[PDB]
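Read the structure below first, then the notes.
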Amino acid sequence: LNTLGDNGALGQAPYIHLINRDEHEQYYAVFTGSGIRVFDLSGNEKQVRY
Amino acid sequence: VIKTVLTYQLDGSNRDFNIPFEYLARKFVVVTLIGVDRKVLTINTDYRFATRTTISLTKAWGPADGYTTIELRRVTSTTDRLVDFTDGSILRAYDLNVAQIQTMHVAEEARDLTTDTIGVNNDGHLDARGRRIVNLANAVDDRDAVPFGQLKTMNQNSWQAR
Amino acid sequence: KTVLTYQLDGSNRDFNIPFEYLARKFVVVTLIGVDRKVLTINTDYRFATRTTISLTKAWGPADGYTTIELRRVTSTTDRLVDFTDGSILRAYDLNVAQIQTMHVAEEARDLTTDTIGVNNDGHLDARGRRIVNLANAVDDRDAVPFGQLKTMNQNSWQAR
Amino acid sequence: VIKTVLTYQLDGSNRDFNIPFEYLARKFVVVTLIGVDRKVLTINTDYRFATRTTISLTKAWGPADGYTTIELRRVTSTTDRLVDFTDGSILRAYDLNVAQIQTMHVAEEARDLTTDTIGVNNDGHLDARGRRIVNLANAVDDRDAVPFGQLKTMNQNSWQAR
Amino acid sequence: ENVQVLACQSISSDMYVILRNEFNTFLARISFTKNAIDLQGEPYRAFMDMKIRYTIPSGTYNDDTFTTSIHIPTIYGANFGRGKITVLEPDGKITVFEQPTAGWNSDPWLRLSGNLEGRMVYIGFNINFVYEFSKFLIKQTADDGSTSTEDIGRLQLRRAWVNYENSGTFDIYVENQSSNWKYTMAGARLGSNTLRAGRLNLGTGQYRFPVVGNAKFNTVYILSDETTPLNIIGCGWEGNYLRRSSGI
Amino acid sequence: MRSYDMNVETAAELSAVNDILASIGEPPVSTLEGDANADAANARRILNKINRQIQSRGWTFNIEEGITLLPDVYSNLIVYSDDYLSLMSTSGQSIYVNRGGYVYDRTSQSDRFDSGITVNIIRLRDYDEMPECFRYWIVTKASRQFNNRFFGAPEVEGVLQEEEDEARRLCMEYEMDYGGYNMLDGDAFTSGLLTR
Amino acid sequence: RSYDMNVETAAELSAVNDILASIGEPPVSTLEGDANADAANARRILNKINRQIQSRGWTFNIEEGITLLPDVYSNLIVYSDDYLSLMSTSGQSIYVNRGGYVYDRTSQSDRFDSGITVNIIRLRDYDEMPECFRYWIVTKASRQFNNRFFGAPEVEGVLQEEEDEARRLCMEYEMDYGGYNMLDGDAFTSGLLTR
């Protein structure tokens with residue numbers, strides 16, 4: 001589907017949760033030990049404000 | 001060691017000769033009566049295939065006619081391929097087996113025709129294993145080898161100039 | 001028909017290739033093999049169009065080479081068609097494989113011709129002909145064409 | 001780019017030997033010990049395949065016995081095919097590949113053998129194709145029509161004859 | 001061994017997976033639909049890891065070498081380390097490339113013979129499918145749903161087979177104590193009306209492969225790294241059984 | 001030897017049909033490219049095998065006594081082709097055998113011949129050339145072998161055994177009718193005695 | 001069509017025929033990396049049967065005046081495994097295999113300086129055998145393969161019958177080949193015909 005990072009984007013031990021909201025707004029959140037990177041199921045990263 | 005070229009003595013009345021080599025068509029057999037001059041025979045005119053693996057000449061063609069031997073040789077084709085695969089084909093053994101057989105037959109014909117033992121290049125250079133060429137030779141071009149006739153002419157010029 | 005020796009008349013430039021190809025890399029050309037010229041494509045070799053050739057440089061006899069051969073050498077290790085268990089076995093692929101494996105034998109037959117002979121008396125024999133082409137020698141243990149025997153003409157001029 | 005012979009030199013007493021080419025079976029690799037004659041060494045009596053591409057001999061066979069070259073030629077049979085196809089088989093891809101490999105081995109062996117020869121062309125000209133004729137020492141003797149490199153010194157001598 | 005799955009949560013029947021190769025992180029989808037096609041134009045639902053629908057661009061084919069080279073980082077957006085990358089064409093022809101000694105990163109080029117400038121191909125990695133049958137022993141079911149294997153009795157000698165449905169090629173390995181044997185099924189028979197040139201070689205039937213052995217020191221497993229589908233219905237075995245060698 | 005498919009089908013179609021019927025297999029009508037049948041090639045193989053065996057049995061119509069096998073004049077080698085089912089000599093103990101692929105004179109320990117040898121040879125010939133009785137015997141034996149290799153059917157095996165015995169009886173009758181073989185004036189020893 | 005291609009017989013068609021003796025299907029390669037557990041087994045059985053049949057002793061495969069040359073340096077003669085039998089031309093054999101070299105029982109010595117003449121049977125390829133012996137070997141191999149692995153009763157019985165028939169044919173072939181005569185042509189009686 002797509003490429004996310006370069007082996008370090010998600011850290012060593014990220015906790016990943018699937019967001020099945022609606023049939024067109026599926027999101028797949030990744031919680032790295034430092035931040036979060038919510039990548040759409042198509043691989044398009046969504047910039048998450050902090 | 002040669003399998004694609006056989007030569008049988010005729011000896012007068014003998015109108016049958018065996019075909020040990022394995023051919024892919026009756027068109028790949030060339031009977032060349034050797035003697036005073038080589039002649040090639042045509043199919044079903046003075047040359048017949050009584051059955052596979054044998055020949056049936058119409059005439060004796062003995063030495064009385066000047067021909068001493070008959071050479072049955074194989075000359076597999078190169079431009080025309082006996083097998084042509086198609087999309088709807090069932091791809092049986094005959095097709096690809098004949099393809100490989102034809103290629104290998106051509107290769108061994110090429111190998112046999114050069115059965116003569118000759119100097120083979122050792123490492124990117126032709127070799128003569130210490131064997132020397134002897135007979136007469138001319139040199140009319142810049143790239144030709146040098147015989148010693150030119151060497152002699154040099155000698156007479158040198159010892160006749162003064 | 002596979003190995004055709006043409007003449008490098010001064011700047012012949014574009015020569016002709018009469019044999020069909022399978023890949024553009026099966027046409028090996030050499031001026032006169034001395035240093036094992038590789039003659040890479042484009043650099044010093046260029047296919048102007050199919051069944052023709054265009055030399056980048058004139059490469060005349062003055063350069064030391066007076067002929068170029070268009071010998072075809074179909075690769076053996078490199079195969080256009082390779083077979084795999086889970087495949088279709090295209091009819092065209094089978095035909096191409098057969099043609100490729102047959103072109104080697106075609107070259108062998110097109111190159112096989114009445115060859116030299118050896119006589120127990122005197123050693124090697126030539127029946128009674130002369131070498132038409134040969135490479136200038138560099139070792140002191142082999143033959144030499146006229147190209148290395150200009151001293152004969154020099155001495156002839158000196159004598160008279 | 002790799003020849004099928006790689007002629008060797010004894011250069012004293014040696015046992016281990018190497019081959020550059022690849023063979024389908026060790027029945028298609030001949031080792032003819034040339035030198036005083038065309039002596040050929042068979043298998044199990046003079047041969048030993050310690051491992052692939054490392055043919056070794058029972059003893060040295062040094063030059064003292066009169067043998068100087070052991071060319072390890074490679075010959076693939078054109079009558080005993082490795083894989084012959086049948087209409088009731090499975091058509092393994094390994095079978096098709098083995099068949100093409102053997103046919104290519106037969107043709108490449110028949111193209112290498114014939115290309116290292118001297119003979120006339122369709123125009124009626126035999127060309128060495130720029131292949132230096134090395135190893136022909138003693139060239140000449142009753143006007144044998146070739147030098148072996150002594151021509152340089154002879155012509156140097158004749159140049160300063162005066 | 002080079003990849004690290006980070007999560008494989010599925011919605012209804014699609015498993016969305018992130019893989020962490022030593023170079024990049026990939027997001028992939030696995031579909032469990034019974035009879036369907038993942039990507040438009042696929043001939044037979046190719047079983048290929050990282051399957052992608054790639055159209056070769058112009059300027060890759062080179063006449064001088066008769067090769068069509070495609071850069072992997074151009075296909076994907078990352079680099080890979082292992083695996084036998086497989087290329088599939090719309091009809092079904094396959095060109096399998098072995099792993100370069102130094103890995104795919106050093107030599108990420110896929111060189112294909114011929115002019116494939118503007119046509120279509122499916123790229124992806126092979127899937128190593130391994131199944132090992134338990135020892136083929138005399139197993140009998142009691143009145144209820146309990147199975148008892150007959151350990152007592154002479155170590156039997158056998159000969160086995162296997163079935164398949166709409167499958168392709170699968171290798172079968174049988175290993176004894178000392179030696180081993182291999183039987184690759186490839187496709188359909190040679191003279192059959194199912195092995196036509198230019199058409200897919202998928203079929204259904206039964207394959208019988210010899211299994212001569214002791215029935216407990218003889219292991220049989222199926223290997224299939226090809227992209228062609230493989231479905232197995234059942235298996236079996238024929239052998240000779242005696243009542244001896246109760247305890248050795 | 002030869003592959004089963006190489007020969008064309010003229011009357012071998014009837015023999016193949018009989019072989020396939022010896023097991024119930026319905027009769028094909030092509031025996032050619034349009035076969036796609038696994039039970040037809042496996043019948044032609046049996047037919048060829050049995051034809052070779054029957055020819056090698058040494059019948060009087062294919063002994064062709066008095067051949068003049070000729071050697072290559074540059075190599076001086078005769079070829080013991082696989083088609084040569086049995087090569088022997090007109091006289092007593094024969095001295096010709098097969099070494100490699102060429103005739104070898106064991107007594108002289110040499111396979112180089114100058115003029116040409118005379119032998120009692122049995123050269124393989126197609127199934128069509130066999131007489132009708134021999135064709136029937138070959139078909140029956142091939143049917144028996146096909147049935148007991150592929151299907152079984154012990155009753156069919158017994159019926160084919162009886163048919164094979166009858167066919168062999170007919171073939172022997174044909175051979176004795178063909179040869180003549182008069183023990184007086186036809187024998188190689190007694191005929192001389194009757195000189196009187 | 002109109003061609004004369006020759007298919008293999010040396011362990012290639014024989015293996016296929018052995019396989020077809022049972023229900024097995026015909027292979028093609030017989031040397032493919034795939035062990036196949038039937039081409040190997042069929043080849044082993046065929047080779048063993050060929051060796052046994054050759055060792056049985058026949059007119060064509062028995063070589064009468066074969067002379068064996070000892071190694072000059074060691075004065076030893078190697079009793080190769082291919083030497084199926086080794087009997088002296090005379091009535092009494094005096095040569096046996098000790099270690100891996102010929103040993104003279106009566107002389108109790110294996111140091112041969114000149115040489116020996118012996119009736120020797122040497123192993124020869126399967127294809128080199130006549131048609132009768134090829135058929136007998138194939139039938140015996142098929143019967144043994146079946147009996148060892150498949151154990152089909154009816155096939156075993158028919159193959160036993162065919163083995164007996166093949167042996168009869170081979171024996172008649174040998175009798176025809178020898179042309180042995182109890183009159184002139186025999187050793188003891190030929191002398192008596194000096195009347």
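Residues in the structure tokens are named by chain (A, B, ... in the order shown) and by number from 1 within that chain; ligands are numbered from 1 in the order shown.
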Open item on the list: All C-alpha atoms, paired in order, least-squares superposition of chain B on chain D: what RMSD does that give?
Closed with: 8.3 Å
Open item on the list: If we count only C-alpha atoms and set the cut-off at 12 Å, which residues sit around residue 183 in chain G, ignoring sequence neighbours fewer than 4 positions away in its own chain? Please answer as a list in words.
Closed with: residues 179, 187, 188, 189, 190, 191, 192, 193 and 194 of chain G
Write the residues of the selection above to a file with C-alpha atoms, as a short mmCIF file (atom, residue, chain, number, x, y, z; two decimals), in the first residue's frame.
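As a result, result_33.cif now contains:
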data_model
loop_
_atom_site.label_atom_id
_atom_site.label_comp_id
_atom_site.auth_asym_id
_atom_site.auth_seq_id
_atom_site.Cartn_x
_atom_site.Cartn_y
_atom_site.Cartn_z
CA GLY G 179 26.62 -73.96 -32.80
CA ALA G 187 37.36 -81.87 -27.83
CA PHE G 188 37.40 -85.59 -27.07
CA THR G 189 35.44 -86.91 -30.06
CA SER G 190 37.18 -84.83 -32.73
CA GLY G 191 40.32 -86.89 -32.21
CA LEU G 192 38.39 -90.15 -32.53
CA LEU G 193 37.38 -89.07 -36.06
CA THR G 194 40.87 -89.85 -37.37
#
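Residues lying within 9 Å of range 53-61 of chain C, counting only C-alpha atoms and ignoring same-chain neighbours fewer than 4 positions away, are residues 7, 8, 9, 10, 11, 12, 13, 14, 15, 16, 17, 31, 42, 43, 44, 45, 46, 47, 48, 49, 65, 66 and 67 of chain C.
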Writer output for current selection, C-alpha atoms, as a short mmCIF file (atom, residue, chain, number, x, y, z; two decimals), in the first residue's frame:
data_model
loop_
_atom_site.label_atom_id
_atom_site.label_comp_id
_atom_site.auth_asym_id
_atom_site.auth_seq_id
_atom_site.Cartn_x
_atom_site.Cartn_y
_atom_site.Cartn_z
CA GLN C 7 37.48 -4.00 -46.41
CA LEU C 8 38.34 -0.84 -44.36
CA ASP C 9 39.01 1.19 -47.59
CA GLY C 10 40.25 4.45 -45.96
CA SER C 11 36.93 5.73 -44.47
CA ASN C 12 34.34 3.07 -45.56
CA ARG C 13 32.46 4.19 -42.37
CA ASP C 14 29.12 2.30 -42.72
CA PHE C 15 29.41 -1.48 -43.45
CA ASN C 16 26.49 -3.99 -43.90
CA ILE C 17 25.39 -7.06 -41.82
CA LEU C 31 39.55 -5.01 -36.66
CA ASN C 42 28.28 3.36 -29.17
CA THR C 43 31.83 4.29 -28.15
CA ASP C 44 33.45 2.90 -31.32
CA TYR C 45 30.52 1.00 -32.86
CA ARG C 46 26.97 2.03 -33.71
CA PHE C 47 24.04 0.26 -35.36
CA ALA C 48 22.69 2.94 -37.70
CA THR C 49 19.79 0.65 -38.62
CA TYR C 65 43.89 -2.68 -39.78
CA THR C 66 42.54 -3.22 -43.29
CA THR C 67 39.44 -5.36 -42.66
#
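Distance criterion 12 Å to chain F, applied with only C-alpha atoms, yields residues 189, 190, 191, 192, 193, 194, 195 and 196 of chain E on chain E.
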Open item on the list: So that I can check the surroundings of residue 135 in chain G, please list as JSON, numbers by chain every protein, DNA and RNA residue that reaches within 12 Å of it, counting only C-alpha atoms and ignoring chain neighbours fewer than 6 positions away.
Closed with: {"F": [49, 50, 52, 53, 54, 56, 57, 85], "G": [9, 13, 14, 17, 18, 46, 49, 50, 53, 126, 127, 129, 141, 142, 159, 162, 163, 164, 165, 166, 167, 168, 169, 170]}
- [ ] With a cut-off of 10 Å and counting only C-alpha atoms, select all residues of chain G in contact with chain D and give the selection as a PyMOL selection string.
- [x] chain G and resi 5-10+12-13+16+25-34
For the residues in the current selection, export N, CA, C and O atoms as an mmCIF file, in the first residue's frame.
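Saved file selection09.cif follows:
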data_model
loop_
_atom_site.group_PDB
_atom_site.id
_atom_site.type_symbol
_atom_site.label_atom_id
_atom_site.label_comp_id
_atom_site.auth_asym_id
_atom_site.auth_seq_id
_atom_site.Cartn_x
_atom_site.Cartn_y
_atom_site.Cartn_z
ATOM 1 N N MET G 5 14.581 -40.956 -35.770
ATOM 2 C CA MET G 5 15.177 -40.615 -34.486
ATOM 3 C C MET G 5 15.266 -41.853 -33.601
ATOM 4 O O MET G 5 14.387 -42.717 -33.625
ATOM 5 N N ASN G 6 16.336 -41.930 -32.812
ATOM 6 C CA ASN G 6 16.569 -43.036 -31.889
ATOM 7 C C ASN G 6 16.434 -42.527 -30.460
ATOM 8 O O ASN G 6 17.086 -41.547 -30.084
ATOM 9 N N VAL G 7 15.596 -43.189 -29.672
ATOM 10 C CA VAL G 7 15.405 -42.840 -28.270
ATOM 11 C C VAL G 7 16.377 -43.655 -27.428
ATOM 12 O O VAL G 7 16.849 -44.719 -27.841
ATOM 13 N N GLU G 8 16.679 -43.153 -26.235
ATOM 14 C CA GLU G 8 17.644 -43.812 -25.367
ATOM 15 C C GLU G 8 17.133 -45.179 -24.934
ATOM 16 O O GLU G 8 15.928 -45.439 -24.911
ATOM 17 N N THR G 9 18.069 -46.061 -24.591
ATOM 18 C CA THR G 9 17.724 -47.356 -24.021
ATOM 19 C C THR G 9 18.543 -47.626 -22.766
ATOM 20 O O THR G 9 18.101 -48.358 -21.875
ATOM 21 N N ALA G 10 19.731 -47.036 -22.685
ATOM 22 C CA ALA G 10 20.643 -47.286 -21.572
ATOM 23 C C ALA G 10 20.093 -46.617 -20.320
ATOM 24 O O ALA G 10 20.296 -45.422 -20.097
ATOM 25 N N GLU G 12 17.395 -45.495 -19.560
ATOM 26 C CA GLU G 12 16.358 -44.488 -19.760
ATOM 27 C C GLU G 12 15.028 -45.121 -20.148
ATOM 28 O O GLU G 12 14.023 -44.938 -19.457
ATOM 29 N N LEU G 13 15.003 -45.870 -21.248
ATOM 30 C CA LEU G 13 13.786 -46.574 -21.626
ATOM 31 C C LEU G 13 13.566 -47.809 -20.767
ATOM 32 O O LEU G 13 12.418 -48.187 -20.520
ATOM 33 N N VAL G 16 11.823 -46.625 -17.671
ATOM 34 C CA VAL G 16 10.424 -46.352 -17.989
ATOM 35 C C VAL G 16 9.640 -47.652 -18.080
ATOM 36 O O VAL G 16 8.510 -47.749 -17.591
ATOM 37 N N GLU G 25 3.931 -44.179 -13.881
ATOM 38 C CA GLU G 25 3.927 -43.355 -15.080
ATOM 39 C C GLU G 25 5.343 -43.149 -15.602
ATOM 40 O O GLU G 25 6.316 -43.239 -14.847
ATOM 41 N N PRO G 26 5.498 -42.857 -16.890
ATOM 42 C CA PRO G 26 6.837 -42.774 -17.485
ATOM 43 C C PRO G 26 7.547 -41.490 -17.095
ATOM 44 O O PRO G 26 6.985 -40.395 -17.242
ATOM 45 N N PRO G 27 8.787 -41.576 -16.588
ATOM 46 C CA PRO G 27 9.590 -40.359 -16.397
ATOM 47 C C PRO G 27 10.285 -39.936 -17.680
ATOM 48 O O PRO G 27 10.077 -40.553 -18.729
ATOM 49 N N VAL G 28 11.107 -38.890 -17.617
ATOM 50 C CA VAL G 28 11.815 -38.400 -18.796
ATOM 51 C C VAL G 28 13.314 -38.294 -18.536
ATOM 52 O O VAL G 28 14.124 -38.718 -19.365
ATOM 53 N N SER G 29 13.697 -37.724 -17.393
ATOM 54 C CA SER G 29 15.100 -37.369 -17.177
ATOM 55 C C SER G 29 15.932 -38.573 -16.741
ATOM 56 O O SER G 29 16.896 -38.950 -17.413
ATOM 57 N N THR G 30 15.587 -39.165 -15.596
ATOM 58 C CA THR G 30 16.296 -40.308 -15.023
ATOM 59 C C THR G 30 17.636 -39.903 -14.413
ATOM 60 O O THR G 30 18.259 -40.698 -13.702
ATOM 61 N N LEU G 31 18.082 -38.672 -14.658
ATOM 62 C CA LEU G 31 19.257 -38.115 -14.002
ATOM 63 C C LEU G 31 18.947 -36.796 -13.312
ATOM 64 O O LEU G 31 19.847 -36.179 -12.735
ATOM 65 N N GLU G 32 17.693 -36.359 -13.351
ATOM 66 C CA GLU G 32 17.318 -35.105 -12.718
ATOM 67 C C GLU G 32 17.637 -35.145 -11.230
ATOM 68 O O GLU G 32 17.599 -36.203 -10.598
ATOM 69 N N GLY G 33 17.966 -33.976 -10.677
ATOM 70 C CA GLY G 33 18.268 -33.901 -9.256
ATOM 71 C C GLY G 33 17.219 -34.588 -8.407
ATOM 72 O O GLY G 33 17.533 -35.232 -7.405
ATOM 73 N N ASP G 34 15.951 -34.451 -8.793
ATOM 74 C CA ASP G 34 14.872 -35.149 -8.110
ATOM 75 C C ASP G 34 15.203 -36.633 -8.024
ATOM 76 O O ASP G 34 15.314 -37.309 -9.050
#
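Note that the spacing between CA of residue 237 in chain E and CA of residue 24 in chain G amounts to 15.5 Å.
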TODO: Enumerate, as an NGL selection string, the complete set of residues in range 43-159 of chain F that a backbone-based DSSP assignment places in strand (DSSP E).
DONE: :F and (84-88 or 96-99 or 102-105 or 120-123)
Generate the output file for the selected residues, N, CA and C atoms, as a short mmCIF file (atom, residue, chain, number, x, y, z; two decimals), in the first residue's frame.
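The result, written out as again_11.cif:
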data_model
loop_
_atom_site.label_atom_id
_atom_site.label_comp_id
_atom_site.auth_asym_id
_atom_site.auth_seq_id
_atom_site.Cartn_x
_atom_site.Cartn_y
_atom_site.Cartn_z
N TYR F 84 19.19 -54.13 -35.08
CA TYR F 84 19.70 -55.48 -35.33
C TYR F 84 19.34 -56.33 -34.12
N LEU F 85 18.20 -57.01 -34.21
CA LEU F 85 17.71 -57.79 -33.08
C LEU F 85 18.66 -58.93 -32.74
N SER F 86 19.19 -59.61 -33.75
CA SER F 86 20.12 -60.72 -33.51
C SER F 86 21.04 -60.84 -34.71
N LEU F 87 22.34 -60.74 -34.47
CA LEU F 87 23.36 -60.87 -35.51
C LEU F 87 24.16 -62.13 -35.23
N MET F 88 24.20 -63.04 -36.20
CA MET F 88 24.88 -64.31 -36.06
C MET F 88 25.56 -64.65 -37.37
N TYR F 96 30.78 -62.65 -33.98
CA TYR F 96 30.43 -61.24 -34.00
C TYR F 96 29.61 -60.89 -32.78
N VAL F 97 30.03 -59.85 -32.06
CA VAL F 97 29.33 -59.34 -30.89
C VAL F 97 29.28 -57.82 -30.99
N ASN F 98 28.73 -57.19 -29.96
CA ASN F 98 28.54 -55.75 -29.92
C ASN F 98 29.44 -55.16 -28.83
N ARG F 99 30.47 -54.43 -29.25
CA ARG F 99 31.29 -53.64 -28.34
C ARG F 99 31.05 -52.17 -28.63
N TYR F 102 29.56 -50.88 -32.22
CA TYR F 102 30.11 -51.40 -33.46
C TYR F 102 30.37 -52.89 -33.32
N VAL F 103 30.29 -53.60 -34.45
CA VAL F 103 30.53 -55.03 -34.44
C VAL F 103 31.97 -55.31 -34.03
N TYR F 104 32.15 -56.30 -33.17
CA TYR F 104 33.46 -56.67 -32.65
C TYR F 104 33.69 -58.15 -32.91
N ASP F 105 34.82 -58.48 -33.53
CA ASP F 105 35.18 -59.86 -33.81
C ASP F 105 35.93 -60.40 -32.60
N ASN F 120 23.61 -63.73 -40.32
CA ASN F 120 22.19 -64.07 -40.28
C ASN F 120 21.53 -63.07 -39.33
N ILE F 121 20.96 -62.01 -39.90
CA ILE F 121 20.53 -60.86 -39.13
C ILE F 121 19.01 -60.80 -39.12
N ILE F 122 18.47 -60.18 -38.07
CA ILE F 122 17.03 -59.97 -37.93
C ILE F 122 16.84 -58.46 -37.77
N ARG F 123 16.61 -57.77 -38.88
CA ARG F 123 16.42 -56.33 -38.85
C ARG F 123 14.98 -56.00 -38.51
#
TODO: For chain B, list the residues within 7 Å of chain C, counting only C-alpha atoms, and write the list as a PyMOL selection string.
DONE: chain B and resi 78+84-87+99+103+106-107+110+114+118+131-139+142-146+154+158+161
Generate the output file for the selected residues, N, CA and C atoms, as a compact mmCIF listing (two decimals), in the first residue's frame.
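Output contents, as saved in result-v9.txt:
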# COMPACT_ATOMS: atom_id res chain seq x y z
N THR B 78 18.83 -25.39 -41.61
CA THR B 78 19.06 -24.32 -40.62
C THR B 78 17.95 -23.27 -40.73
N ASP B 84 7.08 -25.71 -35.19
CA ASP B 84 6.65 -24.33 -35.00
C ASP B 84 5.52 -24.34 -33.98
N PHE B 85 5.82 -23.90 -32.76
CA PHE B 85 4.83 -23.93 -31.70
C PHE B 85 3.72 -22.92 -31.96
N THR B 86 2.52 -23.26 -31.49
CA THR B 86 1.34 -22.42 -31.67
C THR B 86 0.61 -22.30 -30.34
N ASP B 87 -0.18 -21.23 -30.21
CA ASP B 87 -0.89 -20.98 -28.96
C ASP B 87 -1.87 -22.11 -28.65
N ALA B 99 12.87 -30.20 -31.77
CA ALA B 99 13.66 -28.97 -31.74
C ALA B 99 15.08 -29.24 -31.23
N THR B 103 18.74 -29.14 -33.38
CA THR B 103 19.89 -28.32 -33.00
C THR B 103 21.13 -29.19 -32.78
N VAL B 106 22.60 -30.58 -36.06
CA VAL B 106 23.38 -29.58 -36.77
C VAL B 106 24.73 -29.41 -36.10
N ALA B 107 24.74 -29.36 -34.76
CA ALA B 107 26.00 -29.17 -34.05
C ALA B 107 26.97 -30.30 -34.32
N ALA B 110 28.45 -30.14 -37.77
CA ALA B 110 29.53 -29.16 -37.80
C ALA B 110 30.80 -29.74 -37.18
N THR B 114 34.73 -31.14 -39.41
CA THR B 114 36.06 -30.64 -39.07
C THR B 114 36.85 -31.66 -38.24
N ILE B 118 44.10 -30.64 -36.11
CA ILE B 118 44.78 -29.41 -36.49
C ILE B 118 45.12 -28.64 -35.22
N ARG B 131 55.04 -28.11 -35.12
CA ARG B 131 54.91 -28.67 -36.45
C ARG B 131 54.98 -27.54 -37.47
N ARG B 132 55.71 -27.77 -38.56
CA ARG B 132 56.10 -26.71 -39.48
C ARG B 132 55.41 -26.89 -40.82
N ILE B 133 54.99 -25.77 -41.42
CA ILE B 133 54.41 -25.77 -42.75
C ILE B 133 55.54 -25.71 -43.76
N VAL B 134 55.40 -26.45 -44.86
CA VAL B 134 56.52 -26.76 -45.74
C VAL B 134 56.30 -26.26 -47.16
N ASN B 135 55.15 -26.58 -47.76
CA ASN B 135 55.00 -26.47 -49.20
C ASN B 135 55.14 -25.03 -49.69
N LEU B 136 55.16 -24.88 -51.01
CA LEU B 136 55.33 -23.59 -51.67
C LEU B 136 54.32 -22.57 -51.14
N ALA B 137 54.65 -21.29 -51.23
CA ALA B 137 53.74 -20.24 -50.78
C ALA B 137 54.13 -18.93 -51.44
N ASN B 138 53.12 -18.15 -51.81
CA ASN B 138 53.30 -16.83 -52.40
C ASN B 138 52.84 -15.78 -51.40
N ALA B 139 53.35 -14.56 -51.56
CA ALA B 139 52.98 -13.44 -50.70
C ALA B 139 52.82 -12.21 -51.58
N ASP B 142 50.12 -7.35 -48.19
CA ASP B 142 50.87 -6.92 -47.01
C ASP B 142 50.58 -7.80 -45.80
N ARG B 143 49.41 -8.43 -45.75
CA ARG B 143 49.02 -9.25 -44.62
C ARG B 143 49.34 -10.73 -44.80
N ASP B 144 49.90 -11.12 -45.94
CA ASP B 144 50.24 -12.51 -46.17
C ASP B 144 51.52 -12.88 -45.43
N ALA B 145 51.68 -14.18 -45.18
CA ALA B 145 52.88 -14.67 -44.55
C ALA B 145 54.07 -14.52 -45.49
N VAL B 146 55.27 -14.59 -44.92
CA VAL B 146 56.51 -14.39 -45.67
C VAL B 146 57.11 -15.76 -45.97
N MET B 154 66.18 -11.46 -51.86
CA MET B 154 67.01 -10.56 -51.07
C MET B 154 68.47 -10.96 -51.16
N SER B 158 71.47 -8.71 -52.65
CA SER B 158 72.55 -8.26 -51.79
C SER B 158 73.92 -8.64 -52.36
N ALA B 161 74.40 -6.63 -56.05
CA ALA B 161 74.39 -5.18 -56.20
C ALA B 161 75.80 -4.64 -56.41
TODO: Write down, as a ChimeraX atom specification, each residue of chain E that has any atom within 6 Å of an atom of chain G, counting only C-alpha atoms.
DONE: /E:181-183
Once you have the residues from the selection above, write them out as a PDB file, in the first residue's frame, restricted to C-alpha atoms.
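Result saved to selection_1.pdb:
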ATOM      1  CA  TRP E 181      13.792 -37.703  -2.124  1.00  0.00           C
ATOM      2  CA  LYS E 182      12.052 -34.853  -3.944  1.00  0.00           C
ATOM      3  CA  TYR E 183       9.030 -34.885  -6.272  1.00  0.00           C
TER       4      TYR E 183
END
Any chance you could tabulate, as a tab-separated table, the residues of chain F at most 6 Å from chain G with each one's nearest atom pair and distance in Å to one decimal, using only C-alpha atoms, in chain and rising number order?
residue	atom	partner	partner_atom	distance
F:1	CA	G:6	CA	5.3
F:2	CA	G:6	CA	5.2
F:85	CA	G:131	CA	5.5
F:92	CA	G:179	CA	4.5
F:93	CA	G:178	CA	4.4
F:94	CA	G:177	CA	5.9
F:98	CA	G:128	CA	5.7
F:149	CA	G:22	CA	5.7
F:150	CA	G:23	CA	5.8
Open item on the list: Env of residue 177 in chain E: 12 Å cut, atoms = only C-alpha atoms, seq-sep filter 4 positions within chain, self excluded. Answer as number ranges by chain.
Closed with: E: 181, 212-219
Emit the selected residues as a CSV table (one decimal), in the first residue's frame, including C-alpha atoms.
chain,number,residue,atom,x,y,z
E,181,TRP,CA,13.8,-37.7,-2.1
E,212,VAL,CA,9.0,-46.3,1.0
E,213,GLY,CA,10.1,-46.3,4.6
E,214,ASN,CA,9.4,-47.4,8.2
E,215,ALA,CA,6.3,-45.1,8.6
E,216,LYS,CA,7.8,-43.5,11.8
E,217,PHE,CA,11.2,-42.5,10.6
E,218,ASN,CA,9.9,-41.2,7.3
E,219,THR,CA,8.8,-37.6,7.1
